[PDB]
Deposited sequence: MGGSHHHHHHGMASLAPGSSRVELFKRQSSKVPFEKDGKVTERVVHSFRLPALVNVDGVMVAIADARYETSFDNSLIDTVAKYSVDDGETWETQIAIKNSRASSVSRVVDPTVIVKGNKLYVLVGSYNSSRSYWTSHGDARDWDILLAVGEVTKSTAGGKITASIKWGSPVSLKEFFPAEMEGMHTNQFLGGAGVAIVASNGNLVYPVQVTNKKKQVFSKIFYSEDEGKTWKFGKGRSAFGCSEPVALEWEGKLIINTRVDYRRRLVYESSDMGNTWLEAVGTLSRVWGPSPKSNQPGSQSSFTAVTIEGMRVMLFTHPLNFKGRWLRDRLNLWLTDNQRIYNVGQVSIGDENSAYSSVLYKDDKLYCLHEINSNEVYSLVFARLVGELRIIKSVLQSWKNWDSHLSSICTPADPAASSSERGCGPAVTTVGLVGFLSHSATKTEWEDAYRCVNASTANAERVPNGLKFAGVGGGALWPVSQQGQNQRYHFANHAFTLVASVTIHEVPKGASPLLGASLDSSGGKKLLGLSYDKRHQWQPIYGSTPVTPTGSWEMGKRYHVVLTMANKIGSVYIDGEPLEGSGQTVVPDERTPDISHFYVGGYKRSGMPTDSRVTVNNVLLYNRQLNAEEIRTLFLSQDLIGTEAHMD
């Protein structure tokens, strides 16, 4: 928890009580565990929803859906049960509650079981299952001079009639919501991401929506891959963005422009970025994922635990910030090495809060946190992004001004800032490490066996922000060479292994004053010429498994070659700059490099000429 932020234990394990109703009688009852938190804002009133696990934390036991609410931003709360289970046996339950806010109503979706003691994904049929919808109505009043509020909960309705017996190539079994909070799309529709089983017991995700305020429901035709569960969704620039959990694997994210009729993997932005454990081979988790507007810029907020300990413990809850381009680690929200899996984040009247799980010996509470510090840091990063995007967009490029320098899809920038061992990211997400570097205006100058810089890719570890590079990228720089080499030496490139011996795409130079471009594993043909002391402009592109190299804006011989054998998907290790940064490799490069830019797509020709023509104008030096 950052400096300046604080919390309280709100749903207190083995302490807080709720109004348990049975046989027309109501009694205040102490609860063992609270889980599956969901935190929202209804027209001025804060509401918190979750699971009340009466007797034990075991998933298949006695559970009702509880609610708490406040009109003073979290100093005081009232308590109630919003949805009760069927009362048929000692293990009846309503599970995984998923919430939508619209006008002054709360729409809550839950599964309902009568008596099974087995985990739901292992049932062979639906004999014990039902799926339901309850609506709560929120009204405000002021009797006494001070604000008040009440909430009236309606009886649940089954939506079973809207589940077809068959989908494309399978037979249906059961379905449930994805937990946490869902959304109202910009056309008015109610939209719930859902998880479904079929008769072979495989799990997968769909879109489940309503056009008549929840009176009827439909399914979109498409689906995620088998193995994706507990999905969570938001709306961005006209698409639904669906974010999934996959046990024992890196997380998959999908895009859809038509209410779920067609699904496409987000290879160029967010898919495969977040892993469930340092080696990504442990159970996954539930996540909060919303779109909000801060100081006039729209952005996304996402949380997930790092799970250093393993299995289901899921310690160290982290918060991330992104604009669908750059991706920044806000930090750790939980405290110390405690266990902390599920979570919910809310932005209200310009303040940030989080409701989340804590776990000691399989006994669970929900704490409520005021994230004053997290928001401070966020605002600082958003200003820096806005400032550098504005600076670059305002430069008068030469012919009266030519076309503008592009910032769409720009991800990283290495320029004037540097310490003794790092080259700093102007966008503040990923730095590069260095050796034998001497600082100069807007760049670095290297020399000797072992010199150069390294901008990590798969080397980032658990969470990999530049995974898009395995699908498409553009890399740009200015360079000058100071000594004719003995053999062939490296200048800039993308490497598949950690030495730099297995290249995907790169550029070197040799003793006969020629360039040596390198296309994957293809045999190397030297070409063109250069003079010492002369400044040159360099660009590398890769898309659709094809790579290119430009000098001063023009493509060299051999451009247009295959860099990925149609076989698999590349796993890039790092980009190397002005050397391999490896003492064990024999080359010695004596060169200066300035202003390195990284983009998540292949640039167009006009975009390349402007960048070339405007080299002397973009450094960060004056600021």
{"query": "Ranges missing from the model, given as deposited sequence positions", "finding": "1-14, 414-422, 647-648"}
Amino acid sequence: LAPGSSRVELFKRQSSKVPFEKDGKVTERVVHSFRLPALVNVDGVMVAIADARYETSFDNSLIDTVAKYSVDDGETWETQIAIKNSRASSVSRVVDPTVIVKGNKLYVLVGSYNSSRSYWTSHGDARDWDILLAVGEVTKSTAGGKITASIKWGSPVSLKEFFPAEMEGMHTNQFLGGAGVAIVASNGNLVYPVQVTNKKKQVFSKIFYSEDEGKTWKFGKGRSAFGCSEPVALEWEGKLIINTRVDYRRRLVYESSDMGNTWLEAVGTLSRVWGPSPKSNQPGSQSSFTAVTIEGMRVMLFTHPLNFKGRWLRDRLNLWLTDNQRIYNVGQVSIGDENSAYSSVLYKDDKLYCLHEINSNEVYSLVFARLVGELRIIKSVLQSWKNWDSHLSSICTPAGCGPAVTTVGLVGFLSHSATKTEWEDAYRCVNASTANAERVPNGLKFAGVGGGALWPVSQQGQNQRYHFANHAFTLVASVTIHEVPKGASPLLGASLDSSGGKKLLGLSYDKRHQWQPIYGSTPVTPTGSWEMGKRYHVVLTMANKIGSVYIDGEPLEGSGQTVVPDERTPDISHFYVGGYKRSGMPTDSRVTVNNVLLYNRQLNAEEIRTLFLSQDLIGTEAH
From here on, numbers count along this sequence of modelled residues.
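Note that the rigid core is defined as the largest set of C-alphas that superpose within 1.5 Å between two forms.
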| property | result |
| --- | --- |
| Rigid core superposition result in 5 other deposited structures of this protein, more deviant of 159-167, 314-322 by Cα | 159-167 |
| Higher-deviation segment by CA RMS in 5 other deposited structures of this protein, core fitted, 295-303 or 439-447 | 439-447 |
| Selected stretch [higher average CA B-factor]: 578-586 or 63-71 | 578-586 |
| Per the entry, higher mean C-alpha B factor between 270-278 and 152-160 | 152-160 |
| Highest-ranked of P456, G461, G448, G331 once sorted by CA temperature factor in the record | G448 |
| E137, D96, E255, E230, ranked by C-alpha B-factor: the highest one | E137 |
| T592 - which third its CA temperature factor falls in, relative to the rest of the chain | middle |
| Among modelled residues of the same chain, the CA temperature factor third for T569 | highest |
| Lowest, middle or highest third - CA B-factor, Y599 | lowest |
| Within-chain third of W423 by Cα B-factor, per the entry | highest |
| Assigned third (lowest, middle, highest) for the C-alpha B factor of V47 | lowest |
